[PDB]
>>> print(open('input-v7.cif').read())   # mmCIF, C-alpha atoms
data_protein
#
loop_
_atom_site.label_atom_id
_atom_site.label_comp_id
_atom_site.auth_asym_id
_atom_site.auth_seq_id
_atom_site.Cartn_x
_atom_site.Cartn_y
_atom_site.Cartn_z
CA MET A 1 14.86 -2.18 8.65
CA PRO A 2 13.08 -3.28 5.40
CA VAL A 3 9.62 -4.53 4.44
CA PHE A 4 9.00 -6.17 1.08
CA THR A 5 5.56 -6.91 -0.22
CA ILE A 6 4.26 -8.66 -3.36
CA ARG A 7 0.80 -7.80 -4.72
CA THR A 8 -0.13 -10.24 -7.50
CA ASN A 9 -3.15 -11.65 -9.30
CA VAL A 10 -1.60 -15.14 -9.11
CA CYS A 11 -3.72 -17.42 -6.90
CA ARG A 12 -2.86 -18.19 -3.27
CA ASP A 13 -2.32 -21.81 -4.26
CA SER A 14 0.70 -21.07 -6.42
CA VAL A 15 2.43 -19.43 -3.48
CA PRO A 16 5.40 -21.64 -2.53
CA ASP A 17 5.19 -22.31 1.19
CA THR A 18 8.88 -21.35 1.16
CA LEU A 19 8.63 -17.79 -0.23
CA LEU A 20 8.38 -16.10 3.17
CA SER A 21 11.60 -17.61 4.64
CA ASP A 22 13.01 -17.44 1.13
CA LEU A 23 12.58 -13.69 0.50
CA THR A 24 13.71 -13.10 4.08
CA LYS A 25 16.96 -15.01 3.69
CA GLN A 26 17.70 -13.37 0.36
CA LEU A 27 16.85 -9.74 1.11
CA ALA A 28 18.79 -10.09 4.36
CA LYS A 29 21.96 -10.91 2.36
CA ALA A 30 21.22 -8.50 -0.48
CA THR A 31 20.58 -5.44 1.71
CA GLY A 32 22.91 -6.66 4.43
CA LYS A 33 20.20 -5.91 6.99
CA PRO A 34 19.20 -8.13 9.97
CA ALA A 35 16.88 -10.98 9.00
CA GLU A 36 14.90 -10.30 12.20
CA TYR A 37 14.17 -6.74 11.10
CA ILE A 38 12.68 -7.79 7.76
CA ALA A 39 8.95 -8.29 7.27
CA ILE A 40 7.51 -9.89 4.11
CA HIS A 41 3.92 -9.48 2.92
CA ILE A 42 2.46 -11.63 0.13
CA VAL A 43 -0.90 -10.65 -1.46
CA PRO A 44 -2.34 -13.14 -4.01
CA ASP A 45 -5.82 -13.70 -5.56
CA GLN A 46 -5.76 -10.00 -6.45
CA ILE A 47 -7.71 -8.15 -9.17
CA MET A 48 -5.07 -6.55 -11.37
CA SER A 49 -4.04 -5.99 -14.95
CA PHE A 50 -0.78 -4.98 -16.56
CA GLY A 51 -0.66 -3.46 -20.03
CA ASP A 52 -4.36 -4.30 -20.14
CA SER A 53 -3.82 -8.02 -19.61
CA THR A 54 -5.07 -9.94 -16.58
CA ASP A 55 -2.24 -12.44 -16.99
CA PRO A 56 0.17 -13.05 -14.04
CA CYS A 57 1.82 -9.82 -12.92
CA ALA A 58 2.94 -8.09 -9.74
CA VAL A 59 3.44 -4.69 -8.15
CA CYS A 60 5.92 -4.92 -5.31
CA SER A 61 7.49 -2.44 -2.96
CA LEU A 62 10.63 -2.52 -0.88
CA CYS A 63 10.75 -0.02 2.01
CA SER A 64 14.07 0.26 3.80
CA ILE A 65 15.77 2.80 6.05
CA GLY A 66 18.77 3.12 3.78
CA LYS A 67 20.27 0.39 1.58
CA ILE A 68 18.41 2.16 -1.22
CA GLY A 69 20.24 3.77 -4.12
CA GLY A 70 21.08 3.67 -7.80
CA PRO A 71 23.02 0.46 -8.42
CA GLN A 72 21.41 -1.12 -5.36
CA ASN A 73 17.84 -1.02 -6.72
CA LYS A 74 18.96 -2.64 -10.02
CA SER A 75 20.70 -5.39 -8.10
CA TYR A 76 17.56 -5.89 -5.96
CA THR A 77 15.33 -5.97 -9.05
CA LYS A 78 17.28 -8.69 -10.86
CA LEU A 79 17.27 -10.58 -7.54
CA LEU A 80 13.55 -10.15 -6.82
CA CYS A 81 12.65 -10.70 -10.50
CA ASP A 82 14.58 -13.97 -10.58
CA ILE A 83 12.81 -15.14 -7.42
CA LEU A 84 9.40 -14.05 -8.57
CA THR A 85 9.38 -15.90 -11.90
CA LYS A 86 10.95 -19.03 -10.45
CA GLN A 87 8.67 -19.23 -7.40
CA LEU A 88 5.42 -17.57 -8.55
CA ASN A 89 5.88 -18.05 -12.30
CA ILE A 90 5.58 -14.32 -12.90
CA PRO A 91 7.42 -13.04 -15.99
CA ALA A 92 9.99 -10.31 -15.29
CA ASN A 93 8.38 -7.87 -17.77
CA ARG A 94 5.01 -7.86 -15.96
CA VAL A 95 6.46 -6.74 -12.65
CA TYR A 96 7.01 -3.33 -11.07
CA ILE A 97 8.93 -2.74 -7.86
CA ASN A 98 8.75 0.52 -5.99
CA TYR A 99 11.87 1.13 -3.90
CA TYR A 100 11.64 3.49 -0.89
CA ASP A 101 14.33 4.97 1.39
CA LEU A 102 12.63 5.65 4.72
CA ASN A 103 13.83 8.16 7.30
CA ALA A 104 14.35 6.63 10.76
CA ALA A 105 12.24 9.33 12.41
CA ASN A 106 9.31 8.19 10.20
CA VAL A 107 9.32 4.49 11.18
CA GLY A 108 7.48 3.52 14.32
CA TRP A 109 8.54 0.29 15.99
CA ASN A 110 7.89 -1.37 19.35
CA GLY A 111 6.52 1.83 20.84
CA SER A 112 8.83 4.44 19.38
CA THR A 113 10.66 5.18 16.13
CA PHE A 114 14.17 4.47 14.86
CA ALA A 115 15.11 8.08 15.52
CA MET B 1 -6.54 14.69 6.46
CA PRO B 2 -5.12 11.27 7.58
CA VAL B 3 -5.58 7.64 6.58
CA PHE B 4 -4.36 4.83 8.83
CA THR B 5 -4.20 1.25 7.71
CA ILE B 6 -3.26 -2.01 9.44
CA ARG B 7 -1.97 -4.96 7.41
CA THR B 8 -1.73 -8.06 9.63
CA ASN B 9 -1.65 -11.84 9.43
CA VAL B 10 -4.09 -12.03 12.37
CA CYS B 11 -7.42 -13.52 11.26
CA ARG B 12 -10.49 -11.42 10.45
CA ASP B 13 -12.25 -13.00 13.41
CA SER B 14 -9.95 -11.44 15.98
CA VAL B 15 -10.78 -7.98 14.66
CA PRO B 16 -12.76 -6.18 17.38
CA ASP B 17 -15.91 -4.79 15.81
CA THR B 18 -14.94 -1.59 17.61
CA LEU B 19 -11.49 -0.97 16.05
CA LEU B 20 -12.79 1.20 13.23
CA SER B 21 -14.63 3.76 15.43
CA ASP B 22 -11.88 3.20 17.97
CA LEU B 23 -8.86 4.13 15.82
CA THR B 24 -10.93 6.99 14.41
CA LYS B 25 -11.72 8.48 17.80
CA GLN B 26 -8.15 8.10 18.97
CA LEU B 27 -6.24 9.34 15.92
CA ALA B 28 -8.66 12.27 15.76
CA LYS B 29 -7.54 13.38 19.25
CA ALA B 30 -3.89 12.43 18.78
CA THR B 31 -3.39 14.30 15.49
CA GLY B 32 -6.01 16.89 16.35
CA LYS B 33 -7.52 16.39 12.90
CA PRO B 34 -11.28 16.16 12.07
CA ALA B 35 -12.75 12.71 12.74
CA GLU B 36 -14.72 13.05 9.49
CA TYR B 37 -11.52 13.44 7.48
CA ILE B 38 -9.97 10.23 8.80
CA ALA B 39 -10.27 6.93 6.97
CA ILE B 40 -9.21 3.61 8.54
CA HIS B 41 -8.35 0.46 6.60
CA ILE B 42 -7.96 -2.93 8.30
CA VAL B 43 -6.41 -5.87 6.39
CA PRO B 44 -6.42 -9.27 8.19
CA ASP B 45 -5.97 -12.92 7.06
CA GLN B 46 -2.77 -11.75 5.37
CA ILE B 47 0.32 -13.79 4.39
CA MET B 48 3.20 -12.18 6.24
CA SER B 49 6.23 -12.91 8.34
CA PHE B 50 8.35 -10.79 10.64
CA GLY B 51 11.90 -11.76 11.55
CA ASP B 52 11.10 -14.98 9.72
CA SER B 53 8.19 -15.87 11.99
CA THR B 54 4.60 -16.15 10.82
CA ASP B 55 3.37 -15.24 14.30
CA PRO B 56 1.03 -12.21 14.73
CA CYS B 57 2.60 -9.05 13.33
CA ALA B 58 1.60 -5.89 11.46
CA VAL B 59 2.85 -3.32 8.99
CA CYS B 60 0.86 -0.13 9.30
CA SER B 61 1.01 3.26 7.68
CA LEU B 62 -0.29 6.65 8.69
CA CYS B 63 -0.62 9.20 5.87
CA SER B 64 -1.45 12.72 6.94
CA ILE B 65 -1.17 16.20 5.42
CA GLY B 66 0.93 17.51 8.28
CA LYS B 67 0.72 16.45 11.94
CA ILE B 68 3.81 14.40 11.10
CA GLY B 69 7.15 15.04 12.75
CA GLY B 70 9.78 13.85 15.19
CA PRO B 71 8.15 13.68 18.63
CA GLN B 72 4.74 13.29 17.00
CA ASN B 73 5.50 9.93 15.33
CA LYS B 74 6.83 8.50 18.63
CA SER B 75 3.69 9.62 20.41
CA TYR B 76 1.56 8.04 17.63
CA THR B 77 3.55 4.79 17.79
CA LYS B 78 3.12 4.25 21.53
CA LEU B 79 -0.58 5.08 20.98
CA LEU B 80 -1.09 2.77 17.99
CA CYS B 81 1.09 0.05 19.56
CA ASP B 82 -0.96 0.12 22.77
CA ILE B 83 -4.18 -0.18 20.76
CA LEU B 84 -2.87 -2.90 18.49
CA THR B 85 -1.76 -5.31 21.22
CA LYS B 86 -4.84 -4.71 23.34
CA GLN B 87 -7.35 -5.05 20.48
CA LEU B 88 -5.62 -7.40 18.01
CA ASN B 89 -3.24 -9.09 20.44
CA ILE B 90 -0.24 -8.06 18.36
CA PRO B 91 3.00 -7.61 20.33
CA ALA B 92 4.58 -4.15 20.02
CA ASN B 93 7.94 -5.58 18.80
CA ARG B 94 6.38 -7.27 15.73
CA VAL B 95 4.89 -4.07 14.36
CA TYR B 96 6.17 -1.44 11.93
CA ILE B 97 4.42 1.84 11.22
CA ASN B 98 5.34 3.98 8.25
CA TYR B 99 4.50 7.65 8.85
CA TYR B 100 3.97 9.94 5.82
CA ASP B 101 3.57 13.73 5.55
CA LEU B 102 1.51 14.34 2.40
CA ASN B 103 1.50 17.56 0.41
CA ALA B 104 -2.00 19.03 -0.07
CA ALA B 105 -1.48 19.35 -3.83
CA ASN B 106 -0.91 15.55 -3.92
CA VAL B 107 -4.18 14.47 -2.25
CA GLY B 108 -7.25 14.21 -4.42
CA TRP B 109 -10.60 14.47 -2.67
CA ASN B 110 -14.20 14.93 -3.79
CA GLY B 111 -13.17 15.95 -7.28
CA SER B 112 -10.13 18.10 -6.61
CA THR B 113 -7.14 18.21 -4.25
CA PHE B 114 -6.45 19.99 -0.96
CA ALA B 115 -4.34 22.54 -2.80
CA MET C 1 5.02 4.33 -16.01
CA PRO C 2 1.96 4.52 -13.66
CA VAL C 3 0.13 2.16 -11.32
CA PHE C 4 -3.33 3.01 -10.01
CA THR C 5 -5.00 1.08 -7.25
CA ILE C 6 -8.43 1.27 -5.60
CA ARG C 7 -8.91 0.03 -2.04
CA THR C 8 -12.63 -0.01 -1.17
CA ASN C 9 -15.10 -1.63 1.20
CA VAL C 10 -17.53 -2.13 -1.71
CA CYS C 11 -18.03 -5.84 -2.42
CA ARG C 12 -16.23 -7.70 -5.21
CA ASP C 13 -19.60 -8.26 -6.88
CA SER C 14 -20.17 -4.59 -7.59
CA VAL C 15 -16.89 -4.41 -9.50
CA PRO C 16 -17.75 -3.83 -13.18
CA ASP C 17 -15.91 -6.44 -15.22
CA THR C 18 -14.91 -3.45 -17.37
CA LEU C 19 -13.09 -1.33 -14.76
CA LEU C 20 -9.66 -2.79 -15.46
CA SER C 21 -9.61 -2.05 -19.23
CA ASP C 22 -11.61 1.07 -18.41
CA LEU C 23 -9.18 2.70 -15.95
CA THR C 24 -6.36 1.63 -18.25
CA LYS C 25 -7.81 3.32 -21.30
CA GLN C 26 -8.63 6.47 -19.38
CA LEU C 27 -5.44 6.95 -17.38
CA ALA C 28 -3.47 6.25 -20.55
CA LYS C 29 -5.13 9.28 -22.22
CA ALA C 30 -5.15 11.43 -19.09
CA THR C 31 -1.46 11.00 -18.24
CA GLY C 32 -0.49 10.51 -21.86
CA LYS C 33 1.52 7.45 -20.83
CA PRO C 34 1.64 4.07 -22.69
CA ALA C 35 -1.33 1.83 -21.94
CA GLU C 36 1.08 -1.12 -21.79
CA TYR C 37 3.04 0.49 -18.97
CA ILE C 38 -0.02 0.99 -16.75
CA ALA C 39 -1.01 -1.53 -14.09
CA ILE C 40 -4.35 -1.35 -12.25
CA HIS C 41 -5.08 -2.97 -8.90
CA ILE C 42 -8.61 -3.26 -7.50
CA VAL C 43 -9.15 -4.23 -3.84
CA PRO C 44 -12.80 -4.79 -2.75
CA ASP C 45 -14.48 -6.54 0.24
CA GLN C 46 -12.21 -4.44 2.45
CA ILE C 47 -12.68 -3.42 6.10
CA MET C 48 -12.66 0.38 6.09
CA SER C 49 -14.43 3.42 7.42
CA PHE C 50 -14.44 7.05 6.40
CA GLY C 51 -15.49 9.80 8.78
CA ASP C 52 -16.48 6.95 11.07
CA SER C 53 -18.95 5.45 8.60
CA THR C 54 -18.58 2.01 7.04
CA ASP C 55 -20.54 3.16 4.00
CA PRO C 56 -18.93 2.86 0.50
CA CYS C 57 -15.61 4.70 0.35
CA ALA C 58 -12.18 4.34 -1.20
CA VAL C 59 -8.53 5.17 -0.70
CA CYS C 60 -6.69 5.14 -3.99
CA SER C 61 -3.17 5.89 -5.08
CA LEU C 62 -1.65 6.82 -8.39
CA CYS C 63 2.11 6.25 -8.71
CA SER C 64 3.73 7.63 -11.83
CA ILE C 65 7.24 8.55 -12.94
CA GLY C 66 6.27 12.10 -13.79
CA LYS C 67 2.89 13.30 -15.11
CA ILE C 68 2.31 14.38 -11.50
CA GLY C 69 1.84 18.02 -10.57
CA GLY C 70 -0.52 20.72 -9.38
CA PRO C 71 -3.24 21.09 -12.04
CA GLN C 72 -2.61 17.52 -13.19
CA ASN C 73 -3.69 15.87 -9.91
CA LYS C 74 -6.95 17.90 -9.86
CA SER C 75 -7.68 16.85 -13.40
CA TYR C 76 -6.94 13.20 -12.47
CA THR C 77 -9.15 13.42 -9.36
CA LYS C 78 -12.24 14.71 -11.18
CA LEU C 79 -11.56 11.96 -13.76
CA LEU C 80 -11.07 9.13 -11.25
CA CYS C 81 -13.90 10.43 -9.04
CA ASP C 82 -16.31 10.46 -11.98
CA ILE C 83 -15.33 6.89 -12.87
CA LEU C 84 -15.49 5.64 -9.31
CA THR C 85 -19.04 6.81 -8.55
CA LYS C 86 -20.39 5.74 -11.92
CA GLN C 87 -18.76 2.29 -11.91
CA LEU C 88 -18.48 1.42 -8.20
CA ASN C 89 -21.21 3.71 -6.90
CA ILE C 90 -18.76 5.42 -4.56
CA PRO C 91 -19.60 9.05 -3.70
CA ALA C 92 -16.87 11.56 -4.56
CA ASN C 93 -16.72 12.92 -0.97
CA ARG C 94 -15.81 9.51 0.54
CA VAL C 95 -12.72 9.06 -1.60
CA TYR C 96 -9.07 9.94 -1.12
CA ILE C 97 -6.42 9.63 -3.81
CA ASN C 98 -2.74 9.78 -3.01
CA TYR C 99 -0.69 10.97 -5.99
CA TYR C 100 3.02 10.04 -6.18
CA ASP C 101 5.81 11.18 -8.51
CA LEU C 102 8.33 8.34 -8.63
CA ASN C 103 11.99 8.71 -9.54
CA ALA C 104 13.07 6.41 -12.40
CA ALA C 105 16.03 5.10 -10.39
CA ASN C 106 13.51 3.89 -7.76
CA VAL C 107 11.31 1.76 -10.05
CA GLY C 108 12.44 -1.76 -10.79
CA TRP C 109 11.10 -3.34 -13.95
CA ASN C 110 11.93 -6.45 -15.97
CA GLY C 111 15.23 -6.95 -14.17
CA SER C 112 16.47 -3.39 -13.83
CA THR C 113 15.10 0.10 -13.15
CA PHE C 114 14.02 2.98 -15.38
CA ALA C 115 17.28 4.76 -14.61
#
>>> encode(input="input-v7.cif", output="structure tokens")
Amino acid sequence: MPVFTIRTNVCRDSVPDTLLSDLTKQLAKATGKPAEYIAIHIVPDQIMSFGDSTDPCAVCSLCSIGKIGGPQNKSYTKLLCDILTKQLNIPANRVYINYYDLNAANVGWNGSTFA
Amino acid sequence: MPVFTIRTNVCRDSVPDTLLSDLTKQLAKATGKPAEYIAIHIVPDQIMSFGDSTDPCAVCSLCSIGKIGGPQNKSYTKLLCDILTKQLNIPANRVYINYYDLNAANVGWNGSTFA
Amino acid sequence: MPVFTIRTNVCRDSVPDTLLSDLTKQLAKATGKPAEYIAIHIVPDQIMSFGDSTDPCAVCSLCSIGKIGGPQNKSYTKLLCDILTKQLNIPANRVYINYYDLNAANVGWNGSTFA
């Protein structure tokens, strides 16, 4: 049950009003996890630099209980990198994505955990 | 020595001016860790969706050097979920909480680490 | 290939317009990692408390594929704590820094991962 967030210096105004449903629909397919169990967080107007340049960049993170591995993460990257340059106009080379495989017992939800 | 943050789309104005002291007092008891060593971070006005809905939701995280386990996390969840709906009006089902057990050697503080 | 972010309640206006290049130049030396592969994220105006006080504080995080260990983290802390009080006027005792050693296979970049 994944969460994907984008932290970028790009301004709020360049944020396609589609992104949210967009990243939800895509990650759902990609990870093969329920669209209802996916939460997306977009953070623009941020103060950040990459390689010492304040040009458009992003540091993202995908947390998922499973669906995280070697070939998977590459697949996700190409996917998320394609979406990020197209929608936010963020070059692929100025983007990091931290992938995380959470343990069910460490994910609280609706009052309890997934354990 | 825990840190608990709330990232929500709810607007800054619905943030009880008590929450900070509130979550501090509670987590302190819950985890049985010094109130002085707890830091709370609240992030409202955020761009996020859950299950493809932009309705009130939250993705939280509790980082603590210990005090993290099976039954503990459930206990924390019910606690944090009760507080979050009551104070921020966020339904329990549209809330994720990532629990993390940090290693003392990996937590810098006041110039050094807890190792 | 590190990322260092600062989340503080200090106001945007107290953020030296140097910090970005500053933390980049320093971490680069410190961790001995390419300045081009370092991304810095600064988050001010935030709602946070520490020890139940809303006075200037910060919760930072340094993610790096390696260059993370026992004596390293202490060294980094003293470094980052010196920089944070001098530049942002944040006392060393009201600052936490979470250090993370990422696995290359879990870091997407420019379309693929570092694996």
>>> residues_around(input="input-v7.cif", residues="range 93-98 of chain C", least_positions_apart="4", cutoff="6 Å", atoms="only C-alpha atoms", output="PDB file with C-alpha atoms, in the coordinates of the input")
ATOM      1  CA  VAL B 107      -4.180  14.470  -2.250  1.00  0.00           C
ATOM      2  CA  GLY B 108      -7.250  14.210  -4.420  1.00  0.00           C
ATOM      3  CA  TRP B 109     -10.600  14.470  -2.670  1.00  0.00           C
ATOM      4  CA  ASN B 110     -14.200  14.930  -3.790  1.00  0.00           C
TER       5      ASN B 110
ATOM      6  CA  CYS C  57     -15.610   4.700   0.350  1.00  0.00           C
ATOM      7  CA  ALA C  58     -12.180   4.340  -1.200  1.00  0.00           C
ATOM      8  CA  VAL C  59      -8.530   5.170  -0.700  1.00  0.00           C
ATOM      9  CA  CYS C  60      -6.690   5.140  -3.990  1.00  0.00           C
ATOM     10  CA  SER C  61      -3.170   5.890  -5.080  1.00  0.00           C
TER      11      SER C  61
END
>>> resolve_selection(input="input-v7.cif", expression="the PyMOL selection byres ((chain B) within 9 of (chain A))", output="PDB file with C-alpha atoms, in the coordinates of the input")
ATOM      1  CA  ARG B   7      -1.970  -4.960   7.410  1.00  0.00           C
ATOM      2  CA  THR B   8      -1.730  -8.060   9.630  1.00  0.00           C
ATOM      3  CA  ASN B   9      -1.650 -11.840   9.430  1.00  0.00           C
ATOM      4  CA  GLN B  46      -2.770 -11.750   5.370  1.00  0.00           C
ATOM      5  CA  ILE B  47       0.320 -13.790   4.390  1.00  0.00           C
ATOM      6  CA  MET B  48       3.200 -12.180   6.240  1.00  0.00           C
ATOM      7  CA  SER B  49       6.230 -12.910   8.340  1.00  0.00           C
ATOM      8  CA  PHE B  50       8.350 -10.790  10.640  1.00  0.00           C
ATOM      9  CA  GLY B  51      11.900 -11.760  11.550  1.00  0.00           C
ATOM     10  CA  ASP B  52      11.100 -14.980   9.720  1.00  0.00           C
ATOM     11  CA  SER B  53       8.190 -15.870  11.990  1.00  0.00           C
ATOM     12  CA  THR B  54       4.600 -16.150  10.820  1.00  0.00           C
ATOM     13  CA  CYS B  57       2.600  -9.050  13.330  1.00  0.00           C
ATOM     14  CA  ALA B  58       1.600  -5.890  11.460  1.00  0.00           C
ATOM     15  CA  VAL B  59       2.850  -3.320   8.990  1.00  0.00           C
ATOM     16  CA  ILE B  68       3.810  14.400  11.100  1.00  0.00           C
ATOM     17  CA  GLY B  69       7.150  15.040  12.750  1.00  0.00           C
ATOM     18  CA  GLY B  70       9.780  13.850  15.190  1.00  0.00           C
ATOM     19  CA  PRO B  71       8.150  13.680  18.630  1.00  0.00           C
ATOM     20  CA  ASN B  73       5.500   9.930  15.330  1.00  0.00           C
ATOM     21  CA  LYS B  74       6.830   8.500  18.630  1.00  0.00           C
ATOM     22  CA  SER B  75       3.690   9.620  20.410  1.00  0.00           C
ATOM     23  CA  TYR B  76       1.560   8.040  17.630  1.00  0.00           C
ATOM     24  CA  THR B  77       3.550   4.790  17.790  1.00  0.00           C
ATOM     25  CA  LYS B  78       3.120   4.250  21.530  1.00  0.00           C
ATOM     26  CA  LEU B  79      -0.580   5.080  20.980  1.00  0.00           C
ATOM     27  CA  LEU B  80      -1.090   2.770  17.990  1.00  0.00           C
ATOM     28  CA  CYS B  81       1.090   0.050  19.560  1.00  0.00           C
ATOM     29  CA  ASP B  82      -0.960   0.120  22.770  1.00  0.00           C
ATOM     30  CA  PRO B  91       3.000  -7.610  20.330  1.00  0.00           C
ATOM     31  CA  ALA B  92       4.580  -4.150  20.020  1.00  0.00           C
ATOM     32  CA  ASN B  93       7.940  -5.580  18.800  1.00  0.00           C
ATOM     33  CA  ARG B  94       6.380  -7.270  15.730  1.00  0.00           C
ATOM     34  CA  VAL B  95       4.890  -4.070  14.360  1.00  0.00           C
ATOM     35  CA  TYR B  96       6.170  -1.440  11.930  1.00  0.00           C
ATOM     36  CA  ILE B  97       4.420   1.840  11.220  1.00  0.00           C
ATOM     37  CA  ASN B  98       5.340   3.980   8.250  1.00  0.00           C
ATOM     38  CA  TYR B  99       4.500   7.650   8.850  1.00  0.00           C
ATOM     39  CA  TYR B 100       3.970   9.940   5.820  1.00  0.00           C
TER      40      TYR B 100
END
>>> atom_distance(input="input-v7.cif", atom1="CA of residue 72 in chain B", atom2="CA of residue 30 in chain B")
8.9 Å
>>> calpha_fit_and_write(input="input-v7.cif", fixed="chain B", moving="chain A", output="short mmCIF file (atom, residue, chain, number, x, y, z; two decimals) with C-alpha atoms, keeping the file's coordinate frame")
data_model
loop_
_atom_site.label_atom_id
_atom_site.label_comp_id
_atom_site.auth_asym_id
_atom_site.auth_seq_id
_atom_site.Cartn_x
_atom_site.Cartn_y
_atom_site.Cartn_z
CA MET A 1 -6.55 14.68 6.47
CA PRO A 2 -5.12 11.27 7.59
CA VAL A 3 -5.57 7.63 6.59
CA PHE A 4 -4.35 4.83 8.82
CA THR A 5 -4.20 1.25 7.70
CA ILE A 6 -3.27 -2.01 9.46
CA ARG A 7 -1.97 -4.96 7.42
CA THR A 8 -1.74 -8.06 9.64
CA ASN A 9 -1.66 -11.84 9.43
CA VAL A 10 -4.09 -12.03 12.37
CA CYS A 11 -7.42 -13.52 11.25
CA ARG A 12 -10.49 -11.41 10.45
CA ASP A 13 -12.25 -13.00 13.41
CA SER A 14 -9.95 -11.44 15.98
CA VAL A 15 -10.79 -7.99 14.66
CA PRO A 16 -12.76 -6.18 17.39
CA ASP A 17 -15.91 -4.80 15.80
CA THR A 18 -14.94 -1.59 17.61
CA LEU A 19 -11.49 -0.97 16.05
CA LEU A 20 -12.78 1.21 13.21
CA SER A 21 -14.63 3.76 15.43
CA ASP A 22 -11.88 3.19 17.97
CA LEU A 23 -8.86 4.13 15.81
CA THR A 24 -10.93 6.99 14.41
CA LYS A 25 -11.72 8.48 17.80
CA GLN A 26 -8.14 8.11 18.97
CA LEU A 27 -6.23 9.35 15.92
CA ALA A 28 -8.65 12.27 15.75
CA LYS A 29 -7.54 13.38 19.25
CA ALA A 30 -3.89 12.43 18.78
CA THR A 31 -3.39 14.30 15.49
CA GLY A 32 -6.00 16.90 16.34
CA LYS A 33 -7.53 16.39 12.90
CA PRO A 34 -11.28 16.15 12.08
CA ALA A 35 -12.74 12.71 12.75
CA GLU A 36 -14.72 13.05 9.49
CA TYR A 37 -11.52 13.44 7.48
CA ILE A 38 -9.97 10.23 8.81
CA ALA A 39 -10.26 6.93 6.96
CA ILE A 40 -9.22 3.61 8.55
CA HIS A 41 -8.36 0.45 6.60
CA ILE A 42 -7.97 -2.93 8.31
CA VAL A 43 -6.41 -5.87 6.38
CA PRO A 44 -6.42 -9.26 8.19
CA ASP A 45 -5.97 -12.91 7.06
CA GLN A 46 -2.76 -11.75 5.37
CA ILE A 47 0.31 -13.80 4.39
CA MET A 48 3.21 -12.18 6.24
CA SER A 49 6.24 -12.91 8.35
CA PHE A 50 8.35 -10.78 10.64
CA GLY A 51 11.90 -11.75 11.55
CA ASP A 52 11.11 -14.99 9.73
CA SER A 53 8.19 -15.87 11.99
CA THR A 54 4.59 -16.15 10.81
CA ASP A 55 3.38 -15.24 14.29
CA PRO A 56 1.03 -12.21 14.73
CA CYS A 57 2.59 -9.04 13.33
CA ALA A 58 1.60 -5.91 11.45
CA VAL A 59 2.85 -3.32 8.99
CA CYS A 60 0.85 -0.13 9.30
CA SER A 61 1.01 3.26 7.68
CA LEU A 62 -0.29 6.65 8.70
CA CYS A 63 -0.62 9.20 5.87
CA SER A 64 -1.45 12.73 6.94
CA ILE A 65 -1.17 16.20 5.42
CA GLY A 66 0.92 17.52 8.28
CA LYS A 67 0.72 16.44 11.93
CA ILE A 68 3.81 14.39 11.10
CA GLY A 69 7.15 15.05 12.77
CA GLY A 70 9.78 13.85 15.19
CA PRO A 71 8.15 13.68 18.62
CA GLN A 72 4.74 13.29 17.00
CA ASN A 73 5.50 9.93 15.33
CA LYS A 74 6.83 8.50 18.64
CA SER A 75 3.69 9.61 20.41
CA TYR A 76 1.56 8.05 17.63
CA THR A 77 3.54 4.80 17.79
CA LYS A 78 3.11 4.26 21.53
CA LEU A 79 -0.58 5.09 20.98
CA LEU A 80 -1.09 2.77 17.99
CA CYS A 81 1.10 0.05 19.57
CA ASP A 82 -0.96 0.12 22.76
CA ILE A 83 -4.18 -0.18 20.74
CA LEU A 84 -2.86 -2.89 18.50
CA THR A 85 -1.76 -5.31 21.22
CA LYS A 86 -4.84 -4.71 23.34
CA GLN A 87 -7.35 -5.05 20.49
CA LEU A 88 -5.63 -7.40 18.01
CA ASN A 89 -3.24 -9.09 20.45
CA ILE A 90 -0.25 -8.04 18.36
CA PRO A 91 3.00 -7.61 20.33
CA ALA A 92 4.59 -4.16 20.02
CA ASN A 93 7.93 -5.58 18.79
CA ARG A 94 6.38 -7.27 15.73
CA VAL A 95 4.90 -4.07 14.36
CA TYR A 96 6.17 -1.45 11.92
CA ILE A 97 4.43 1.84 11.21
CA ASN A 98 5.33 3.98 8.25
CA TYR A 99 4.50 7.65 8.85
CA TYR A 100 3.96 9.93 5.82
CA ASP A 101 3.56 13.73 5.54
CA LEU A 102 1.52 14.34 2.40
CA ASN A 103 1.50 17.57 0.42
CA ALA A 104 -2.00 19.02 -0.07
CA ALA A 105 -1.48 19.35 -3.83
CA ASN A 106 -0.91 15.55 -3.93
CA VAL A 107 -4.18 14.48 -2.24
CA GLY A 108 -7.24 14.20 -4.41
CA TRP A 109 -10.60 14.48 -2.67
CA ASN A 110 -14.21 14.93 -3.78
CA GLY A 111 -13.16 15.95 -7.28
CA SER A 112 -10.13 18.10 -6.60
CA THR A 113 -7.14 18.22 -4.25
CA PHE A 114 -6.45 19.98 -0.96
CA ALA A 115 -4.35 22.54 -2.80
#
>>> closest_residue(input="input-v7.cif", among="A:83, A:45, A:33, A:14", to="residue 64 in chain A", atoms="all atoms listed in the file")
A:33
>>> atom_distance(input="input-v7.cif", atom1="CA of residue 31 in chain B", atom2="CA of residue 101 in chain B")
12.1 Å
>>> atom_distance(input="input-v7.cif", atom1="CA of residue 16 in chain B", atom2="CA of residue 88 in chain B")
7.3 Å
>>> decode(input="input-v7.cif", residues="range 6-16 of chain A", atoms="C-alpha atoms", output="mmCIF file, in the first residue's frame")
data_model
loop_
_atom_site.group_PDB
_atom_site.id
_atom_site.type_symbol
_atom_site.label_atom_id
_atom_site.label_comp_id
_atom_site.auth_asym_id
_atom_site.auth_seq_id
_atom_site.Cartn_x
_atom_site.Cartn_y
_atom_site.Cartn_z
ATOM 1 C CA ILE A 6 7.382 14.703 -5.278
ATOM 2 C CA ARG A 7 9.418 17.489 -3.656
ATOM 3 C CA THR A 8 10.397 20.073 -6.293
ATOM 4 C CA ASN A 9 11.442 23.699 -6.631
ATOM 5 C CA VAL A 10 9.088 24.069 -9.621
ATOM 6 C CA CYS A 11 6.269 26.503 -8.815
ATOM 7 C CA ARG A 12 2.778 25.385 -7.782
ATOM 8 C CA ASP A 13 1.440 26.920 -10.981
ATOM 9 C CA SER A 14 3.224 24.470 -13.240
ATOM 10 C CA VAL A 15 1.559 21.570 -11.465
ATOM 11 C CA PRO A 16 -0.853 19.955 -13.942
#
